[PDB]
Amino acid sequence: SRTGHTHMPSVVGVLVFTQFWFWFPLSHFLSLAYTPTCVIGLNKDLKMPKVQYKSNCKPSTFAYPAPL
Amino acid sequence: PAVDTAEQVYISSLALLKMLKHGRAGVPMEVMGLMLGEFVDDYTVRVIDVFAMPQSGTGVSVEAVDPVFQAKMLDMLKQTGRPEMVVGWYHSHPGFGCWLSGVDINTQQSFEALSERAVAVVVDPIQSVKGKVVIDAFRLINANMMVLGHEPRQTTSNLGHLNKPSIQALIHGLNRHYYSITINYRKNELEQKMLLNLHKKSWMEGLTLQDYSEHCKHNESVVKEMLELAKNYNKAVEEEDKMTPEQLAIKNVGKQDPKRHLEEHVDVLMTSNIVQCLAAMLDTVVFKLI
Amino acid sequence: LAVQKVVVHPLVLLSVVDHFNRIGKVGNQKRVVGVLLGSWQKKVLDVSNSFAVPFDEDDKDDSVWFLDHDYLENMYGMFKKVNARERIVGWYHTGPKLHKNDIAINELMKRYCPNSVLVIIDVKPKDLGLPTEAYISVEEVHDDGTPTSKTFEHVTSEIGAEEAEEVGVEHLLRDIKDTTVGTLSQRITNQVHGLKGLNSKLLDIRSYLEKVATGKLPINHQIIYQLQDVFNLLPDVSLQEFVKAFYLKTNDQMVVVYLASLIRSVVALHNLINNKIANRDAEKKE
Amino acid sequence: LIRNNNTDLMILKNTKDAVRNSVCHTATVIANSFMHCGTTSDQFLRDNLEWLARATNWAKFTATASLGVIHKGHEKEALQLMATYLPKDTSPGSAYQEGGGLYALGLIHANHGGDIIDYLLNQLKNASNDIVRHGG
Amino acid sequence: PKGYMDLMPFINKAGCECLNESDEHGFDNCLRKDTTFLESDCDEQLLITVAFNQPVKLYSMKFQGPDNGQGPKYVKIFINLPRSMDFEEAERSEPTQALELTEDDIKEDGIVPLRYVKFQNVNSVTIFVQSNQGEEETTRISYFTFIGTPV
Amino acid sequence: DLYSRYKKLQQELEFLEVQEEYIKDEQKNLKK
Ligand SMILES: [Zn+2]
């Protein structure tokens, strides 16, 4: 995890995913390992505000691949 | 209910030796026999034991299965603790790879009508070497299903595609009229220890001393051999100094290497004398009059 | 005798182990008895195939025992049809040691093969000895005046494999058989096994003599006759003639070892010369 | 994930046009669920439903289970959403689907089966087919 | 014993048939302890069947026999057998467990383990004593019971 | 940072021992 803890679903999901060698449907366990990469702003009402964070780096270095 | 590619055929240690012995003795006749065992599940076929059908006559091909021989052998095997059904048939392919011919396909269809999971095992006793037996398990692909655009089997795993099909088998109808089932071997501690007794020398041989007259003559002859090899070894050292790196090996073709033979003579002589000396020393105290 | 050596193939061992396992599964069995099939070559037997036969014995009485000899004939015709060169050469039983009724069973076996050979194949994996112990029935004519009886005479046994049979065995022993050990190490392990085998044989004699001393068994007078020859054959290694000859012979082999080691070291130096030349040449161009 | 679902459906279509085996067919289904994991967008499956119908036997089990991967975190409604995707009872080859639906239901609530366990415990108990027992 | 318990109360004691029983000592002795024993008359072999309610789980049995050699050595265990079982159907059939007892297990301070996986839902248990620790024509059993839990 | 360097070196030495022991084990099995 981001704080250094061993993410239990990520570890289990990857292992059962590697069991796709013996069972193809077991590959869906990799969805457990998928940790979303997000920054979610919240308020005292636990709602999401319209906050625009600033990334002090070039847009292209961390960006989606250009569609074909 | 399509059969799974991850299906495995388990051949016991006893079964493998019987087909190898029967197949080799029947070279080059495609000697056939029946495989006894049990369909454990949809993914496992165990071959506990096999027995060989007799050859009706001359001809290098698989003959028809003799029903009287099969039934009364199966009946009589049930008396001695073998109530195992027929899970397929085995036959030999003496040297030309493991595949199924036109006659083999017809023979397998006879088993497929009775048992839908019957397995055709082909054993190559000629191409089989120590540590690697050329074997393969086949089951027929139905023409009706594959022609319409259906795979013969479902692939839910990686297990069935670990062995790359041989070109000889692919030529003779593999993946077209029949498919290969991966073969795993069931070996236990008991049978494995029993086979370890092969070539196990008697305890008498270990303490037995070689004849000293022949041992000295062998000592004499081999040392005399190094006398000439050493003389040739000196020439080999000077020759290779003034000699181009393209002929480092081409010039060694067809001419004996004194260095290689000197090592072999040294290695042979070192084990011959050390063992004889140690055996003599051990026998000095082990067999003592006091 | 009529048999000089019995060669038992690995197929027989696997068949006997499987035979003991399958019948032993349904019911606890003291032993299982089958028929040994093989060919004859000079005076060495070549036991190569075997089949199971129905058999049962009451533990209380050795006299009560049943062997399905009609099954024995029926199964022979099966194996003769497949392999005509394999004839009945004896029988086997998995009992750890001989039984009193074995001489009786051999007579039933003797009518199919006059020189029947009983091979005791121990299913239990003994650590030192071979699992097979071949015996033949002979007439022991006693010199004490006791009437001649039928006794089993031991015949040396060896496990040998056919070329194709050996191929399968190495496939099954591929992982566990360690062939990396050199020839010199193998012979020394044979010498260690020879010491262990001799020690076990000597303890068996000592155990027998211990029981004889306390009266558990009476004096055989053939073992004691044999034992005096064994101790009489024990050489005196303290004789001056033997010691000088041993020293003379040992020094003869040492110089050959010295010569071989002397040749080995310089040949090793030649290899080091080539390695340094190859290393120096490789770095010069790069 | 749904708002920022900048998936590239051109890549998926490019490899679908190249499938000639069931192995590559089921691979795209797992691939499709991977790029749409948590995005709750089954646009690829909707458009190529007739191509998704080529999946047979355990491929249907994998294909049905891909729905749970796509709808991971959709706790708000999953019973109705799966029942929307899957009819209650079907005779021909529904064990792979019915078992796949239970497995997909587990994928939605992976590590969060607060109230889905009781349903899955009951469906597993009142199940006769082995494939459904596998998915359950 | 660790959350499980002895199960003679579950044993109905009415569907229990001990074939090869002896009139001298009956099946009641080995199910109640309080010294005494069960023994056979016709032969060393001794077939025992035990019945109870269908929900019962077996973990271990304590077939403690005497020390002279009349205690069981090789025993066969069968579960849920429709129809009756003669001595041949207990000798020519495949048991669930065929544990070969040692002298340590026979000791009254001894408990033998069973393969708990294969003993989950038991309607009745058939026990076939095939041999004893010796050649005593009668086989004796000092005490016996099943340690486990209901299903 | 002295202790971090000392412990990082300590784990590197212990890891090297693991690597050299497995490389000796593999050479034994590579000959087979
Ligand atoms: Zn053929």
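We count from 1, first residue shown onward.
Header entry for method reads electron microscopy, 2.9 Å.
Here the Cβ of each residue, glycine as well, is placed from N, Cα and C on the backbone.
In Swiss-Prot this protein carries:
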- C:6-141: domain 'MPN' (DOMAIN)
- C:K177: ubiquitin cross-link (CROSSLNK)
- C:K201: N6-acetyllysine (MOD_RES)
- C:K211: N6-acetyllysine (MOD_RES)
Length of the line joining the Cα atoms of C:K177 (ubiquitin cross-link) and C:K211 (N6-acetyllysine), in Å: 40
Distance [Cα-Cα, Å, rounded] between C:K211 (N6-acetyllysine) and C:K201 (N6-acetyllysine): 16
Sparsest Cβ surroundings (other CB atoms within 10 Å) among the recorded positions C:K177, C:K201, C:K211: C:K211
DSSP-assigned states of the domain 'MPN' (C:6-141) in counts, ordered helix, strand, coil: 40 helix, 48 strand, 48 coil
Per DSSP, three-state class assigned to C:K211 (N6-acetyllysine): helix
Per DSSP, three-state class assigned to C:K177 (ubiquitin cross-link): coil
C:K201 (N6-acetyllysine): secondary structure state under DSSP, collapsed to three categories: helix
